[PDB]
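Residue numbers (the entry's author numbering), protein chains in the order written: chain B, 39 to 329, 569 to 668, 678 to 864; chain A, 39 to 329, 569 to 668, 677 to 865; chain C, 39 to 329, 570 to 668, 677 to 864; chain E, 11 to 166.
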Amino acid sequence: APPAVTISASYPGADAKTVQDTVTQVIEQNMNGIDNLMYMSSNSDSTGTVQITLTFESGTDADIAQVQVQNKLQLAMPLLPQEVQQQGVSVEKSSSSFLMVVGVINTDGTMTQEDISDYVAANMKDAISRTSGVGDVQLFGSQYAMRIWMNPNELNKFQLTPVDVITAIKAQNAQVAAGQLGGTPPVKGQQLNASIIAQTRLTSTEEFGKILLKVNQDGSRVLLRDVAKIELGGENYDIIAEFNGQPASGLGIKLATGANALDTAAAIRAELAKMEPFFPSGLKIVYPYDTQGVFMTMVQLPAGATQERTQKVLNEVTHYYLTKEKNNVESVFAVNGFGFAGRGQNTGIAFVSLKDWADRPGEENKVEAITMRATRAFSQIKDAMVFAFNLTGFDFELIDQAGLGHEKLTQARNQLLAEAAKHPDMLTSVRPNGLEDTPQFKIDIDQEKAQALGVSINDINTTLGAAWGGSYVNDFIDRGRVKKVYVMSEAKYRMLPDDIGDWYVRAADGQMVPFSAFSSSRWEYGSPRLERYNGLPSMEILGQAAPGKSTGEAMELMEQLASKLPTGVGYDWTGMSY
Amino acid sequence: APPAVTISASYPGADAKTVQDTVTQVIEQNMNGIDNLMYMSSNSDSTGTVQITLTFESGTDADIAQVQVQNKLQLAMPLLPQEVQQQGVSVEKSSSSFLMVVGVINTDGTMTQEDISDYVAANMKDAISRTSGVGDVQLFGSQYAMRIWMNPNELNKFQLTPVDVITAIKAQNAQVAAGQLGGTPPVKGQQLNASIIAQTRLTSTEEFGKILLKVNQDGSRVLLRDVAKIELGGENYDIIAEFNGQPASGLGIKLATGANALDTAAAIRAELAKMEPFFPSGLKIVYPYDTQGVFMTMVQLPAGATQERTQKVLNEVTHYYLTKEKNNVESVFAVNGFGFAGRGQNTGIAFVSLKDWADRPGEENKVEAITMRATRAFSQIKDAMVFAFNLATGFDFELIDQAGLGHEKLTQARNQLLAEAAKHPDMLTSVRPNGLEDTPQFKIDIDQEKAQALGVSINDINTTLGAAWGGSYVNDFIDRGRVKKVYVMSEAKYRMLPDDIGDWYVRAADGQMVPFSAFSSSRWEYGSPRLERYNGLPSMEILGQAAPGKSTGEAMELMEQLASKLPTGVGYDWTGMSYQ
Amino acid sequence: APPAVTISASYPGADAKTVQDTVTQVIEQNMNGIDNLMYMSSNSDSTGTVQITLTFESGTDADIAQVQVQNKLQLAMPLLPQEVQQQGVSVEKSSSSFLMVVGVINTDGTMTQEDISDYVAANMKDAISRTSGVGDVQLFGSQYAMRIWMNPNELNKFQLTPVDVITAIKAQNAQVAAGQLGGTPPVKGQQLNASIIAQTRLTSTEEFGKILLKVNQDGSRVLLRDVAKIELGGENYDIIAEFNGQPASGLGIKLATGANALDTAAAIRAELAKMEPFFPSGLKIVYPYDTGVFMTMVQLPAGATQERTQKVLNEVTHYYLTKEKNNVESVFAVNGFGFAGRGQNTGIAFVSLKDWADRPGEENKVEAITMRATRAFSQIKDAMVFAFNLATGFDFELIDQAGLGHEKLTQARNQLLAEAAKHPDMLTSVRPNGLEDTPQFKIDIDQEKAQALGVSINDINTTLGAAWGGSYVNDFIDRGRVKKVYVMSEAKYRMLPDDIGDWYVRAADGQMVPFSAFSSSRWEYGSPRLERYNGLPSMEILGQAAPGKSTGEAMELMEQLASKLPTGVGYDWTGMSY
Amino acid sequence: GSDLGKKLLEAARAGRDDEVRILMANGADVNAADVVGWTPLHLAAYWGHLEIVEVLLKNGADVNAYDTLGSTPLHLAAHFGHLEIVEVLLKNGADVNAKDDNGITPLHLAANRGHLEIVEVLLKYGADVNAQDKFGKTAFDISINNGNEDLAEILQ
Ligand SMILES: C=CC(=O)Nc1ccc(CCSc2nc(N3C[C@H](C)O[C@@H](C)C3)c3c(c2C#N)CC(C)(C)OC3)cc1
């Protein structure tokens, strides 16, 4: 297969466009001088996430490709936002599919989905990640961060903002290098040498709670716990898993390009056997997907769909396997928020494990027939593509060649899709692989009004972003492990448009000014996922030859249809069609 | 030739010494513990550029050489100035010379040289740069940036400085992460989920011009267009190219170490075939140098020479090929500002392309005779070193400062060796520096005590000086969907003469506008516009020939005898053709 | 021997926990996706040093290993403190040992080890680096730094702090881009073109001494030399080396993979002969080790100083140079270095024997020499002193598996060691490989008092850190060579707890406030050397089988003893025992 | 002074109960101080070695020895939650209100670390509940700042 190297990076609280224009383009522009690159593609998403896939000529040493890529990326790191650099950019040489899934449950229900995910992140993942042959490890959940959930009413009452909270966290959850008594070079006759220990990282919600934000003029004290609820909670909240219906986390593991599937799986098991004896009580490993005897089910809702509606479709998928197919199905491991090659509120995947082959006698209880029956049973689910499959028509890219922009590239894509629908004898299921634009909330900061009041733009933009998107402040130590500290609004003050007006910002004169005084907003449409292909804006189209027609005849028609599109719009074949 | 890895960096508005001492030395000190390394050299230039060349033993794996050089560079990366890091430091494994040139012109004349260069940089360069076997791609021109050309009279009229301009641009050409409504974790039962979209990058001169710098006491507004002119313009203006005397741009393409030349040129032609159908009207590719059929003409004036003076010599060369060699020469692609030596204002190059073998019958009409005659015709041109040639018994000598003597004494020592070698015509022909001579520079001393007394800060002083006369990369913007740079700089007419220093104001802590003249003094002095280094020490490269019949070995042996009488602290080594 | 890669980093003025929790953990957490890794170990110590050693499977290519490690480290660089990034984080193949160690000494009493280290760095090391067959070369010392040694009494006299010193040096030892007259694009017809040259880096103590800190209100100047003494000195002062009692530097030279040992050694000697005519007076080259050297360990108690260690090494040296004058060529005494711990209370004497053929009879062979030395040195009070020459031992890692913390893991370690001593039948010399906790000086900053007074906590922490720990400010040019500038307190103002209160910080309102107004302190214990194994906190334990028992049998008991430790404590075998 | 003094600090430090008998018997200075002014009684108090504390007091160890920063073995036992040692020190005459250089008392330290059983014993033996440190803070203030209601209940 052609080897692929994957770059992943993250910008908390950024929309697709922000990610694309401060990150994706910058990295793309600096991927020169790398040998044997066939093509490059990328997604920039409204989860704050970028994935760039660099696919190499057949026969390329994946070692060398990874290194060349990493080295180029390294020289581009200084061009990226501080917020992205500090999340840590990853580069991987792996299969896109999963080798295995390690599931983790609590048989005594002593631990929630959230506790289990943190246990896994904090105690299991790193060692699994360092195992040889492990190309990519996906956590089905999030590690804990110290979460500071801010309250705008309490902030405003004490004339504070998230800037003051952030400032105080960096000053009071600090790790200070303070030198030594009797340190070198010393005076003559020194008898004593000892390290000086000043501030050290905080370790608990207790300690973060007593961060002293200010002393009032009457001598009283405003602590962090007075403007915020303080708790361990995920770095993010987007991925939730279940195993046969019960709370779960896990590791989805992908095989490093060129590694041995069996040796890697065995090494992963040997490493899990080192960790089991020190598990808290109730914790238990299950094995829901080991690559015949397994298959997956994909769940794609249209963009705009929440966690809750994706959950409901997954419950129906899970239900079906646990009721209608219970004689053939041993387990279902279901992940809400992670997709075949995506991550969003609108997607999910179920990993399905069958009983022993010998106990499923008959052609109708073999994997092919099972997956096919499941596909039929889910085909009539409302507003979701839901299909079961084990782990070929055409793969087309429509390309913006002349700075046309997203809106016009969308119009052109639609013109081509509409023309392709008028040839049902040659083309079947000609569709976008990506996502449709959705409503978004466009807020305009009045620069004149901010200046007339003495409100600083930086304070406004930090207040908005930290409250509504969350901000990674610095690190702390949770049971001896380094982990992140995040400041964000408590859920109920960031749900609705009118909530914007309850956030206040302090002017240079010390007056609190509500966000309503310097902003205005309107609804508009934009993209939750911007795609690019060899450095240019793109839209991936999938489809196939109609029955009794060759793949090549169908491709030829796509090219004819493509030649009638508006000026500036080209195309290319990629993937299976290259 | 043996394989070379090259490191390049850029520091806009930096002089050669600043480049050497903030960038080159810091990188050079980590260049050790690298396998099969023969030698290291570098130039630090007053164009703000540094190039370090690391040359490896024959047979070295170039992937591994590049990897090991880069891994040592990474040690110096966080000690480099932020202004250098942000330009994108590069590490390449290429042949030193061009495989081909891709020329671009507009047959309708509806696009200037500036537009063509931008079109090439924005729509063509990157894909070529990613093609396998492309070692180095060099743009003959510059991508557009958003240019804010400041006026100091207007800035002072509203008590503003370039610092207020830079600040205003960072704040209002901004790309903000603003989160979501209804984001996770939600209040359970939430239906509405929508991204919040706040400020986004500016995309046009119109948007930059309405940037708000201040509200006065009377409620009037000062916009950025009120203190600056605003246009699309090159990141720099140093490289201008021509095809048969028409406005042109282009890509010069060097082959990656060990790559197949045929396959690589084909992949480049295939990649151009994808771009061609989306060109705006008039735009055309031309092929002015394919690798005999072709040759180059180097043009090197002495340091201090402006663009104007280099153009005049290029015009004489171009004139010669289009008038005298009319029946032989198909095209001339001439580049002003870029030569063999890298990049500079006093340098240029012509790539010449001949008609078909079989339209040039006769021995006087072959590449060697043509080159011979062209060189002969140019030999008479004064204040210029103009040579025609088509790609050996000489030597490559390095004079090295081995005792901290410094640049001025190393020059004195170079001169002593050059004058002494000039008395031995029987053994040595044309012994000459390969480098540049010192030129007048404008030395300005900031009086710290005055600055402190007036309440003017040193950072404000240096930014105002640097932004105005050197230019400053502030942040990025989006031009026709592509990320591009934003630069502030003085409009030309305010940064041309020494007295213009006095018209730039800095704002004090107490609100007062203080002219530059109140806290600075200046004088003329000499310094270097290209500082060289060999294996990490100051150096001056000297070239020459064995005299007729006498061997290289005998010429080197003399050069070593002369080198032995030079002042204490001055040594030497042999590089390039002389190393073996 | 399996190939090994070592990551070395440095955090000046940092304690072991500060280094572990801001560097070591962060680097460990990014050591994923590396092929063929067997295990990873690390030390983080009170000198501000972390060493992370990655050991790979036998027959792994060491260059590939090095490069993969290095790329992961380099992507994690922005996650590290700036102060650590600025020292450089090196990734080197560490499994190969030395071809030769070359001492550079001064015999006529005119040069310090710092003076010698500078000469070597600027005149010798690079030519040795380019010599035929040479791989890595390590300088045992540094090039000069410009040392600014601050005086707190004069700083307070003029209402200044170290922050002001640091700010002034960044401002007045600077070199920035000032642009040109007549630069492009010009007014057409421009004739003048000239670079503008503004401030340039400082070159000398004289120039640093004239740095203007401030103009007083009566119009007098405070210059840097009025608050500080100014000298060229070392970057670091943790080590003091002598060769037969005289100041010494050196070079540690490794053979390039594939090259010839004997040709390379001769090529180095030849190259050092070329340099001898250019030396200053009394500089001499010695060859203490070159392809019969033995060592003497010196270990003083908790909290012992450099000077006290020196005294003992001086007795060790005098013993060998008198009582073994017939047998000993040299003693190279390294104060501040050991193999299982750096620090003011350790050192090591490298003893070079005269040729085999000049030491006839068994009395004058290594083995009898080392016994005599051990017998004589065992009557040194206040130190442990052991002479030694460098299939029986074992290598055990005790592992914190459940977030126990250092205190609890020590108690578990003591339980294991106390049990192993109850079985002298099976086990002998079962001991920690590392160090014990020691007194450290804990200073708490009072945030309320600092806020009431208007004293900024960054001013507090920079004042403490820069004075007592030292700070790398920026770079200067010494005789055309770029070098570092360090600020730190003069020795006599950073020796003892009382000196803390002589340091003043400037409040928001311009009043000077002593450290004692907003701080309190106490003695406590903590670790001068934290260990980790496969990314978990760990304690290495060495031992051996009792006479007439197999190493296999000894291991069996250690494992069985290990099964009875508190909940959450695990173990692993490493090194010779893997 | 004495080599046995030093050895006694080391064995008290490391919990070696038997080696502390043998060194006392041989004349080791029970009030030998290391370089930070810690006596065997400090070390035994900090590392929670009950039997060693008892053996040292019985051999005349100074119950109110202070270190170079004014801190007493009771300060250390109180801060590190060693209840049974706090009771023994207090029975042998430990000054329940001893203040260190910062004006910190054993009650402040017990209180700051939420060692309730110890706070009670300290108040039992006459610990001053309104004792201020150099910043004005009482054990009550500490309880409010750490938001430990259980400890606040006890000090009203
Ligand atoms: C900061 C100043 C400074 O370090 N000075 C300073 C000056 C000179 C020296 C050299 C002392 S001589 C010496 N040093 C060694 N070291 C290498 C080690 C990896 O770090 C050094 C610490 C000590 C070794 C050997 C010798 C010998 N002979 C022999 C073998 C068996 C090969 O083991 C290593 C060391 C330190």
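Just so you know, even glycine gets a beta-carbon here, dropped at the ideal spot from N, CA and C.
Rounded C-alpha distance that separates residue i from residue j
| i | j | result |
| --- | --- | --- |
| A:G854 | B:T93 | 54 Å |
| A:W789 | A:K252 | 19 Å |
| E:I128 | E:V106 | 12 Å |
| A:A582 | A:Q622 | 7 Å |
| B:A738 | B:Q197 | 19 Å |
| B:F316 | C:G179 | 45 Å |
| B:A42 | B:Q104 | 9 Å |
| residue 22 of chain C | B:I291 | With chain C represented from 39 up to 864, any question about residue 22 of chain C goes unanswered, as that position is not in the structure. |
| B:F628 | B:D156 | 21 Å |
| A:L261 | A:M774 | 17 Å |
| C:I277 | C:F615 | 7 Å |
| B:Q58 | A:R239 | 12 Å |
Own chain partners of residue i with C-beta closer than 6 Å, once the 5 adjacent residues on each side are dropped
| i | result |
| --- | --- |
| A:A661 | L578, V590 |
| C:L721 | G619, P814, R815 |
Contacting residues, own chain, Cβ-Cβ under 7 Å from residue i (five flanking each side not counted)
| i | result |
| --- | --- |
| residue 866 of chain C | Only positions 39 to 864 of chain C appear in the structure, and residue 866 of chain C is not among them; the question remains open. |
| B:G296 | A100 |
| A:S715 | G829, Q830 |
| B:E607 | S630, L631, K632 |
Neighbourhood of residue i by C-beta distance below 8 Å, restricted to the same chain and skipping five residues each side
| i | result |
| --- | --- |
| A:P783 | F727, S807 |
| C:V175 | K163, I166, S167, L289, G290, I291, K292 |
| B:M313 | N161, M162, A165 |
Exercise for review: Entirely within the segment 603-656 of chain B and at least 3 residues each: give me those beta strand (DSSP E) ranges in chain order.
Suggested key: List check, beta strand (DSSP E) in window: 606-616, 619-631.
Exercise for review: Identify every run of the alpha helix (DSSP H) within the segment 710-764 of chain A, keeping only runs that are complete inside it and at least 4 residues long; order them along the chain.
Suggested key: Qualifying alpha helix (DSSP H) stretches, in chain order: 733-739, 743-755.
Review point. Can you give, in chain order, each stretch of the alpha helix (DSSP H) that sits fully within the segment 183-249 of chain B and has at least 4 residues?
Key: Fully enclosed alpha helix (DSSP H) runs of 4 or longer: 190-195, 200-210, 243-247.
Check your understanding: Any chance the segment 220-237 of chain C sits against the segment 148-168 of chain C, with 3 or more Cβ pairs inside 8 Å?
Key -> Taking 8 Å as the limit for Cβ pairs, the verdict is that the segment 148-168 of chain C does not touch the segment 220-237 of chain C.
Check your understanding: Quick one, which residues of the segment 69-91 of chain C are near chain B if we go by CB-CB under 8 Å, in chain order?
Key -> Listed by position, the residues of the segment 69-91 of chain C near chain B (Cβ gap below 8 Å) are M69, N70, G71, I72, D73, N74, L75, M78, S84, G86.
Point to revise | At least 3 beta-carbon pairs within less than 8 Å: the segment 194-214 of chain A vs the segment 762-771 of chain B | key: The segment 194-214 of chain A vs the segment 762-771 of chain B: no contact.
Review point. Relative to chain C, which residues along the segment 223-243 of chain B have a C-beta separation below 9 Å, given in chain order?
Key: For the segment 223-243 of chain B, which is checked against every Cβ of chain C, the residues closer than 9 Å are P223, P224, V225, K226, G227, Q228, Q229, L230, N231, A232, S233, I234, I235, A236, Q237, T238, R239.
Practice item. Using a Cβ-Cβ cut-off of less than 9 Å, list which residues of the segment 169-198 of chain B approach chain C; keep chain order. Key: Taking 9 Å as the Cβ-Cβ cut-off against chain C, the residues of the segment 169-198 of chain B that qualify are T169, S170, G171, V172, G173, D174, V175.
Practice item. Quick one: which residues of the segment 742-775 of chain A get their C-beta closer than 9 Å to a C-beta of chain B? List them in chain order. Key: From the segment 742-775 of chain A, only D761, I763, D764, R765, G766, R767, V768 have a Cβ closer than 9 Å to chain B.
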